[PDB]
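The data block below is start_20.cif; it holds mmCIF, C-alpha atoms and all ligand atoms.
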```
data_final
#
loop_
_atom_site.label_atom_id
_atom_site.label_comp_id
_atom_site.auth_asym_id
_atom_site.auth_seq_id
_atom_site.Cartn_x
_atom_site.Cartn_y
_atom_site.Cartn_z
CA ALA A 4 4.17 2.69 13.67
CA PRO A 5 0.48 1.88 13.52
CA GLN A 6 0.21 -1.61 12.07
CA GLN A 7 -1.41 -0.43 8.86
CA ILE A 8 1.68 1.63 7.96
CA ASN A 9 3.99 -1.09 8.99
CA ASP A 10 2.32 -3.57 6.83
CA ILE A 11 2.28 -1.36 3.91
CA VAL A 12 5.90 -0.52 4.03
CA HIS A 13 7.10 -3.87 4.71
CA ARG A 14 4.89 -5.37 2.10
CA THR A 15 6.23 -3.10 -0.60
CA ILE A 16 9.80 -2.47 0.41
CA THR A 17 11.11 -5.82 1.30
CA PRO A 18 10.53 -7.35 -2.13
CA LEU A 19 12.03 -4.19 -3.78
CA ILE A 20 15.26 -4.70 -1.78
CA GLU A 21 15.34 -8.31 -2.55
CA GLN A 22 14.92 -7.87 -6.25
CA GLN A 23 17.04 -4.79 -6.62
CA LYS A 24 19.71 -6.17 -4.36
CA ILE A 25 19.90 -2.98 -2.29
CA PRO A 26 22.44 -3.18 0.49
CA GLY A 27 20.86 -0.53 2.72
CA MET A 28 17.79 1.52 2.85
CA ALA A 29 15.98 3.91 5.00
CA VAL A 30 12.46 5.03 4.46
CA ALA A 31 10.26 7.53 6.13
CA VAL A 32 6.56 7.86 5.69
CA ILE A 33 5.00 11.18 6.58
CA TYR A 34 1.45 10.37 7.63
CA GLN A 35 -0.93 13.01 8.82
CA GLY A 36 2.14 15.14 9.23
CA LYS A 37 3.93 12.67 11.42
CA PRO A 38 6.96 10.58 10.35
CA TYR A 39 7.57 6.96 10.75
CA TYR A 40 10.94 5.53 9.96
CA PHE A 41 12.21 2.20 8.67
CA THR A 42 15.64 1.07 8.00
CA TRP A 43 17.13 -2.02 6.56
CA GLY A 44 20.45 -3.53 5.81
CA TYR A 45 23.89 -2.11 5.70
CA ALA A 46 25.57 1.16 5.37
CA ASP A 47 28.85 -0.53 5.16
CA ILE A 48 28.98 -4.07 4.30
CA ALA A 49 32.61 -4.62 5.09
CA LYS A 50 32.33 -3.48 8.60
CA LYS A 51 28.75 -4.75 8.83
CA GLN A 52 27.52 -1.40 9.89
CA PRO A 53 23.77 -1.10 9.62
CA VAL A 54 21.61 1.60 8.30
CA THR A 55 20.21 3.76 11.14
CA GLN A 56 18.34 7.06 11.28
CA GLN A 57 21.66 8.71 11.57
CA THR A 58 23.21 7.26 8.50
CA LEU A 59 24.06 9.74 5.99
CA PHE A 60 23.09 9.26 2.41
CA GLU A 61 23.93 11.07 -0.87
CA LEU A 62 20.91 12.82 -2.22
CA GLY A 63 22.18 13.11 -5.66
CA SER A 64 19.60 15.15 -7.69
CA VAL A 65 17.28 15.59 -4.82
CA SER A 66 19.79 18.35 -3.95
CA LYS A 67 18.06 20.28 -6.69
CA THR A 68 15.12 20.87 -4.38
CA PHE A 69 17.38 22.60 -1.97
CA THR A 70 18.88 24.65 -4.68
CA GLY A 71 15.57 25.65 -5.97
CA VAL A 72 14.50 26.57 -2.44
CA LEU A 73 17.56 28.62 -1.61
CA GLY A 74 16.85 30.41 -4.98
CA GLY A 75 13.18 31.22 -4.03
CA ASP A 76 14.30 32.65 -0.67
CA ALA A 77 16.75 34.92 -2.59
CA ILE A 78 13.91 35.93 -4.75
CA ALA A 79 11.70 36.56 -1.69
CA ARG A 80 14.48 38.66 -0.19
CA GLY A 81 14.50 40.95 -3.17
CA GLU A 82 18.14 40.00 -3.99
CA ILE A 83 17.42 38.58 -7.52
CA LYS A 84 14.53 38.25 -9.98
CA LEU A 85 13.76 35.31 -12.31
CA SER A 86 13.16 37.72 -14.98
CA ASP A 87 16.71 39.10 -14.75
CA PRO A 88 19.04 38.14 -17.69
CA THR A 89 21.92 36.03 -16.70
CA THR A 90 24.43 38.63 -17.62
CA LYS A 91 23.35 40.92 -14.87
CA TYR A 92 25.06 38.45 -12.53
CA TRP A 93 27.85 37.31 -14.78
CA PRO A 94 28.65 40.28 -16.85
CA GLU A 95 31.69 38.58 -18.35
CA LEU A 96 29.28 36.23 -19.99
CA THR A 97 29.49 38.46 -23.06
CA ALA A 98 28.68 36.14 -25.94
CA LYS A 99 25.58 36.86 -28.14
CA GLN A 100 23.79 33.54 -27.10
CA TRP A 101 23.42 34.75 -23.57
CA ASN A 102 21.30 37.47 -24.82
CA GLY A 103 17.86 36.70 -23.72
CA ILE A 104 18.51 33.89 -21.28
CA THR A 105 17.09 34.76 -17.83
CA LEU A 106 17.53 33.15 -14.32
CA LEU A 107 14.15 31.52 -14.90
CA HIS A 108 15.49 29.74 -17.99
CA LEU A 109 18.47 28.41 -16.20
CA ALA A 110 16.65 27.29 -13.16
CA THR A 111 14.08 25.34 -15.32
CA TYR A 112 16.23 23.69 -17.97
CA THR A 113 14.70 25.87 -20.72
CA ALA A 114 17.72 27.88 -21.72
CA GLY A 115 18.06 26.10 -25.13
CA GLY A 116 20.12 22.99 -24.79
CA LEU A 117 22.60 23.41 -21.82
CA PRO A 118 24.23 20.06 -21.24
CA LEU A 119 23.19 17.55 -18.68
CA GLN A 120 26.67 17.51 -17.32
CA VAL A 121 29.59 19.96 -17.02
CA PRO A 122 32.56 18.51 -18.82
CA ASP A 123 35.06 16.87 -16.44
CA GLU A 124 37.82 18.70 -18.05
CA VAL A 125 36.22 21.92 -16.82
CA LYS A 126 37.96 22.70 -13.51
CA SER A 127 38.82 26.39 -12.91
CA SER A 128 36.62 29.44 -12.95
CA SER A 129 38.29 30.16 -16.24
CA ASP A 130 37.29 26.79 -17.75
CA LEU A 131 33.81 27.46 -16.65
CA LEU A 132 33.42 30.79 -18.27
CA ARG A 133 34.84 29.49 -21.48
CA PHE A 134 32.51 26.64 -21.33
CA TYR A 135 29.64 29.00 -21.03
CA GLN A 136 30.75 31.56 -23.53
CA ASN A 137 31.42 28.96 -26.09
CA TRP A 138 28.20 26.96 -25.62
CA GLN A 139 25.97 27.14 -28.60
CA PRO A 140 22.24 26.77 -28.13
CA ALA A 141 20.15 24.18 -30.07
CA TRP A 142 16.93 26.00 -29.36
CA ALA A 143 15.58 29.43 -28.54
CA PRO A 144 15.19 30.16 -24.88
CA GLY A 145 11.88 29.03 -23.35
CA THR A 146 10.88 26.45 -25.91
CA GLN A 147 12.37 23.19 -24.93
CA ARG A 148 13.01 21.51 -21.64
CA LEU A 149 16.39 19.81 -21.17
CA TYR A 150 17.13 18.31 -17.75
CA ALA A 151 20.63 19.73 -17.12
CA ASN A 152 23.01 20.07 -14.17
CA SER A 153 24.95 22.77 -15.87
CA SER A 154 21.65 24.64 -16.17
CA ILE A 155 20.46 24.48 -12.63
CA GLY A 156 23.96 24.44 -11.16
CA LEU A 157 24.72 27.75 -12.76
CA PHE A 158 21.52 29.27 -11.55
CA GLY A 159 22.37 28.36 -8.02
CA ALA A 160 25.88 29.73 -8.30
CA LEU A 161 24.48 33.05 -9.32
CA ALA A 162 21.47 33.22 -7.09
CA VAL A 163 23.68 33.54 -4.00
CA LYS A 164 25.85 36.30 -5.64
CA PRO A 165 24.14 39.39 -4.32
CA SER A 166 24.14 37.90 -0.76
CA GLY A 167 27.86 37.86 -0.68
CA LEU A 168 27.95 34.29 0.54
CA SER A 169 29.33 31.18 -0.91
CA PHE A 170 26.80 28.65 -2.00
CA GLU A 171 27.49 26.46 1.04
CA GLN A 172 27.35 29.18 3.66
CA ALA A 173 24.14 30.53 2.17
CA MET A 174 22.48 27.08 2.12
CA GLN A 175 23.53 26.44 5.65
CA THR A 176 22.48 29.78 7.00
CA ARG A 177 19.45 30.32 5.04
CA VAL A 178 18.12 26.81 4.67
CA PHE A 179 19.54 24.08 6.76
CA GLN A 180 19.66 25.93 10.03
CA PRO A 181 16.40 27.69 10.08
CA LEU A 182 14.78 24.32 9.31
CA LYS A 183 16.86 22.54 11.86
CA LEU A 184 18.55 20.21 9.41
CA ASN A 185 21.56 19.64 11.55
CA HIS A 186 22.64 16.56 9.78
CA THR A 187 22.47 17.91 6.36
CA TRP A 188 25.74 18.68 4.62
CA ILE A 189 27.30 19.61 1.35
CA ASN A 190 30.72 18.86 2.77
CA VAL A 191 30.58 16.25 5.56
CA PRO A 192 32.75 17.15 8.44
CA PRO A 193 35.12 14.75 10.15
CA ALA A 194 32.94 14.47 13.13
CA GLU A 195 30.27 12.98 10.89
CA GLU A 196 32.35 10.77 8.69
CA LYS A 197 31.54 7.75 10.68
CA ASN A 198 27.88 7.87 9.67
CA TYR A 199 28.43 8.22 5.98
CA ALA A 200 27.35 5.26 4.05
CA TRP A 201 29.17 3.78 1.17
CA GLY A 202 27.48 3.94 -2.21
CA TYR A 203 27.74 0.71 -4.09
CA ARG A 204 28.08 0.45 -7.74
CA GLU A 205 29.08 -2.91 -9.22
CA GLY A 206 30.05 -4.35 -5.77
CA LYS A 207 32.47 -1.58 -5.30
CA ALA A 208 32.05 0.94 -2.57
CA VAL A 209 31.88 4.49 -3.92
CA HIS A 210 31.44 8.16 -2.93
CA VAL A 211 30.44 11.09 -4.96
CA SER A 212 33.49 12.56 -6.72
CA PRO A 213 33.79 16.35 -6.82
CA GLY A 214 33.17 18.36 -9.97
CA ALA A 215 32.01 21.58 -11.33
CA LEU A 216 28.84 22.93 -9.78
CA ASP A 217 28.41 19.72 -7.77
CA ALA A 218 27.42 21.42 -4.64
CA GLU A 219 24.65 23.31 -6.60
CA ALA A 220 23.28 20.43 -8.57
CA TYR A 221 23.88 17.28 -6.66
CA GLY A 222 26.04 17.82 -3.58
CA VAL A 223 23.79 17.23 -0.55
CA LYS A 224 24.15 14.42 2.00
CA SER A 225 21.48 13.94 4.55
CA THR A 226 19.66 11.43 6.87
CA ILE A 227 16.22 9.93 6.91
CA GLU A 228 15.36 12.23 9.80
CA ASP A 229 16.42 15.41 8.21
CA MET A 230 14.85 14.21 4.94
CA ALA A 231 11.47 13.74 6.71
CA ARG A 232 11.88 17.17 8.26
CA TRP A 233 12.56 18.61 4.82
CA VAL A 234 9.41 16.96 3.54
CA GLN A 235 7.36 18.26 6.43
CA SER A 236 8.60 21.75 5.65
CA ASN A 237 7.63 21.62 2.09
CA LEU A 238 4.29 20.17 2.88
CA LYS A 239 3.42 23.01 5.37
CA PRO A 240 5.34 26.06 4.36
CA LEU A 241 3.08 28.25 6.35
CA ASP A 242 4.24 26.91 9.60
CA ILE A 243 7.78 27.98 8.79
CA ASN A 244 8.74 30.90 10.98
CA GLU A 245 11.21 32.48 8.62
CA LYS A 246 9.18 34.62 6.14
CA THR A 247 11.52 34.40 3.20
CA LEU A 248 12.02 30.62 3.50
CA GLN A 249 8.35 30.19 3.77
CA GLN A 250 7.80 32.20 0.78
CA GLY A 251 10.78 30.72 -0.96
CA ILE A 252 9.34 27.23 -0.51
CA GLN A 253 6.11 28.22 -2.13
CA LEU A 254 7.77 29.70 -5.19
CA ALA A 255 9.80 26.49 -5.70
CA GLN A 256 6.52 24.66 -5.94
CA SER A 257 5.03 27.19 -8.40
CA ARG A 258 4.19 26.00 -11.83
CA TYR A 259 6.27 27.75 -14.48
CA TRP A 260 6.03 25.41 -17.36
CA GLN A 261 4.14 22.37 -18.52
CA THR A 262 5.10 19.23 -20.52
CA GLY A 263 2.92 16.36 -20.93
CA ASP A 264 1.08 16.38 -17.65
CA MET A 265 3.97 17.51 -15.64
CA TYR A 266 4.81 20.98 -14.38
CA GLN A 267 8.27 22.36 -13.63
CA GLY A 268 8.83 24.13 -10.30
CA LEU A 269 12.20 25.35 -9.00
CA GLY A 270 13.91 21.93 -8.52
CA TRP A 271 10.64 20.35 -7.67
CA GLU A 272 8.48 18.54 -10.34
CA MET A 273 4.76 18.29 -9.78
CA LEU A 274 1.67 16.74 -11.17
CA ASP A 275 -2.00 17.19 -10.53
CA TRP A 276 -3.41 14.98 -7.91
CA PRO A 277 -4.89 12.47 -8.35
CA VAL A 278 -2.45 11.18 -10.80
CA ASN A 279 -2.12 8.54 -13.39
CA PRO A 280 0.35 6.21 -11.98
CA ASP A 281 1.49 5.05 -15.37
CA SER A 282 2.34 8.62 -15.94
CA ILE A 283 4.62 9.13 -13.09
CA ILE A 284 6.02 5.68 -13.03
CA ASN A 285 7.04 5.52 -16.62
CA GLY A 286 7.76 9.18 -16.83
CA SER A 287 10.48 8.67 -14.28
CA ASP A 288 12.44 6.55 -16.59
CA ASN A 289 15.69 8.07 -17.88
CA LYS A 290 14.93 7.60 -21.58
CA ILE A 291 11.95 9.84 -20.96
CA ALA A 292 13.02 12.06 -18.00
CA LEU A 293 16.30 13.07 -19.54
CA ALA A 294 14.96 13.68 -23.13
CA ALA A 295 14.33 16.97 -24.83
CA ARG A 296 10.76 18.05 -24.65
CA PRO A 297 8.81 20.99 -25.77
CA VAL A 298 7.39 23.17 -22.98
CA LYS A 299 4.46 25.43 -22.72
CA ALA A 300 4.81 28.58 -20.66
CA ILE A 301 2.38 29.19 -17.78
CA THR A 302 1.73 32.90 -17.99
CA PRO A 303 1.61 33.92 -15.27
CA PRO A 304 2.79 30.93 -13.32
CA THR A 305 0.49 29.09 -11.01
CA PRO A 306 1.22 29.40 -7.29
CA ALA A 307 1.75 26.21 -5.29
CA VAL A 308 -1.26 24.00 -5.76
CA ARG A 309 -2.27 21.99 -2.70
CA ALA A 310 -3.55 19.23 -4.90
CA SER A 311 -0.40 17.91 -6.19
CA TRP A 312 1.83 15.08 -6.32
CA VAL A 313 5.20 16.76 -5.61
CA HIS A 314 8.39 14.97 -6.19
CA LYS A 315 11.93 14.52 -7.29
CA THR A 316 14.18 11.46 -8.01
CA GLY A 317 17.92 11.62 -7.42
CA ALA A 318 21.02 9.51 -7.91
CA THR A 319 24.79 9.37 -7.64
CA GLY A 320 26.89 6.43 -8.87
CA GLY A 321 26.47 4.62 -5.56
CA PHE A 322 23.01 5.92 -4.40
CA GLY A 323 19.46 6.44 -5.34
CA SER A 324 16.84 8.47 -3.65
CA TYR A 325 13.29 9.52 -4.11
CA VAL A 326 10.96 11.99 -2.46
CA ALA A 327 7.16 12.52 -3.01
CA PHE A 328 4.53 14.38 -1.24
CA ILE A 329 0.88 15.50 -1.52
CA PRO A 330 0.34 18.70 0.24
CA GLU A 331 -3.38 18.36 0.32
CA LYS A 332 -3.34 15.06 2.12
CA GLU A 333 -0.45 15.76 4.48
CA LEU A 334 1.35 12.63 3.17
CA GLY A 335 4.79 11.88 1.84
CA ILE A 336 7.54 9.50 1.66
CA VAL A 337 11.28 9.49 1.39
CA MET A 338 13.35 6.62 0.14
CA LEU A 339 17.19 6.48 0.55
CA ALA A 340 19.36 3.69 -0.72
CA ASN A 341 23.10 3.14 -1.10
CA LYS A 342 22.58 1.73 -4.51
CA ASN A 343 21.47 3.48 -7.69
CA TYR A 344 18.56 1.33 -8.86
CA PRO A 345 15.89 2.10 -11.49
CA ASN A 346 13.50 5.03 -11.18
CA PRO A 347 10.28 3.53 -12.09
CA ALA A 348 10.82 0.93 -9.36
CA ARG A 349 11.15 3.76 -6.83
CA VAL A 350 8.11 5.44 -8.25
CA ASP A 351 6.07 2.27 -8.16
CA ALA A 352 6.81 1.57 -4.61
CA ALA A 353 6.14 5.17 -3.40
CA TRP A 354 2.90 5.22 -5.21
CA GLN A 355 1.87 1.82 -3.84
CA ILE A 356 2.50 2.84 -0.30
CA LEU A 357 1.10 6.29 -0.70
CA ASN A 358 -1.90 5.15 -2.64
CA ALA A 359 -2.75 2.96 0.37
CA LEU A 360 -3.26 5.93 2.69
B1 LIG A 401 20.03 13.31 -10.87
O1 LIG A 401 20.99 12.49 -9.89
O2 LIG A 401 20.79 13.56 -12.34
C1 LIG A 401 18.70 12.35 -11.19
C2 LIG A 401 17.73 12.77 -12.09
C3 LIG A 401 16.67 11.93 -12.38
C4 LIG A 401 16.62 10.64 -11.83
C5 LIG A 401 17.60 10.19 -10.95
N1 LIG A 401 17.57 8.93 -10.41
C6 LIG A 401 18.66 11.05 -10.66
#
```

Full structure transcribed into structure tokens:
Amino acid sequence: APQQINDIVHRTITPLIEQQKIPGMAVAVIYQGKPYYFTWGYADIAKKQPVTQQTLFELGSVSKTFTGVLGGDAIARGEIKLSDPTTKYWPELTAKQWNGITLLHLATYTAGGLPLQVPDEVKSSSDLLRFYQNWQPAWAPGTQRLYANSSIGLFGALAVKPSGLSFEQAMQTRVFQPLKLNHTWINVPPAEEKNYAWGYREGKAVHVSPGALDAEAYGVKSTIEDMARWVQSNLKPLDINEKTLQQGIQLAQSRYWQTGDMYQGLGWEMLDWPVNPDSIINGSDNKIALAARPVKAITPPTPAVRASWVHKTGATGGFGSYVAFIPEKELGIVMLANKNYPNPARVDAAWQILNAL
């Protein structure tokens, strides 16, 4: 890396690790459309295995970007519409609530109070349906934003319906492969197990446990290299050869709703650039990010705005990730750690480094 970049990263990251007590970390800066990688520490402390560019990490919520992108591609293919009511795809979903809730609502957390999480007692397809049928909304559709896995997960389960594929095959075929994310998995195969880092929560080594709609809402595992490649793709959609994906990417970055100074895409979250750092930093905090907030509709939605600060945080019980990019400046960063540390800290660091370029 050019010394500038080096200095920046090191200057900012080291202290973060030290303070947060992060066992491993990989970072990639995308500068002028070129990535530069940094790794630190361990992937597995016990076996003293270090973090490399091949180490796999749990994306947690950053999976939502993928979901949102696979959904846009489906839209671009003419297989679904955001305006379609949910029932068109899950006709058994017969209860009165479901009435006017469309794919758009689900995909954006504005359905009217769907829970953050799917209850752990929900296992079968039967449990699921019940869960849905019996859910009672707190608000009218399209009035209040509630960050929810059961909201977005559901959208992604249904988006792939017309295709005929399972969520995983569709992601693979339609997203991973075309983009050349060969080390990106929902289910990590045996041949890759050796590179899969241990999450660490309370000194204990942990892995994401399976659950309803996990693939769809938080099930991706990937590497710093593939992450960087994913960031490059979202930064320059137009260079993507596959029409639908290209288009699909752009739709995921479209602005459907606004709250405070933030806009809701399809998995992505964006702000206007330049941005008020206090805004994003503090906004990232759980108390704020997970709360119920009133939304204003953008009618019609605004197409992907080059001047933005695009991003998404993500976490599992043993990991914590962050991605941010500014299409207009051809810059981004990706931060992967095998420890779930505080959001604002991630935000602060990303902004420091990115502000410096
Ligand atoms: B996801 O893993 O529920 C997620 C959302 C917002 C912040 C973070 N760290 C994770």

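Shortest separation to residue 230 (chain A) among A:352, A:327, A:54, A:128 occurs at residue A:327, atoms counted being all atoms listed in the file.
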
Answer as an MDAnalysis selection string, residues within 12 Å of (2.3, 21.4, 2.9) using all atoms listed in the file: chainID A and resid 33 35:36 232:243 249 252:253 256 307:313 327:335

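Among the candidates A:51, A:164, A:37, A:299, the residue lying nearest to residue 78 (chain A) is A:164 (atoms considered: all atoms listed in the file).
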
Would you compute the box with edges along x, y and z of the file around ligand LIG 401 (chain A), including every atom the file lists for it and 3 Å extra on each side, and give its centre and edge lengths in Å to one decimal, as AutoDock Vina command-line options?
```
--center_x 18.8 --center_y 11.2 --center_z -11.1 --size_x 10.4 --size_y 10.6 --size_z 8.5
```

From A:201, A:260, A:221, A:354, residue lying nearest residue 66 (chain A) [all atoms listed in the file]: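 Using all atoms listed in the file, residue 66 (chain A) sits closest to A:221.
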
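Nearest residue to ligand LIG 401 (chain A), choosing from A:269, A:189, A:293, A:31 and counting all atoms listed in the file: A:293.
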
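The interatomic distance for the pair CA of residue 15 (chain A) and CA of residue 291 (chain A) works out to 24.8 Å.
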
Surroundings of ligand LIG 401 (chain A) up to 6 Å, based on only C-alpha atoms and all ligand atoms, as a PyMOL selection string: chain A and resi 63-64+316-319+323+346

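Closest approach to residue 290 (chain A) among A:199, A:179, A:271, A:150 is made by A:150 (distances from all atoms listed in the file).
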
Coordinates-based distance that separates CA of residue 133 (chain A) from CA of residue 102 (chain A) (Å, one decimal): 16.1 Å
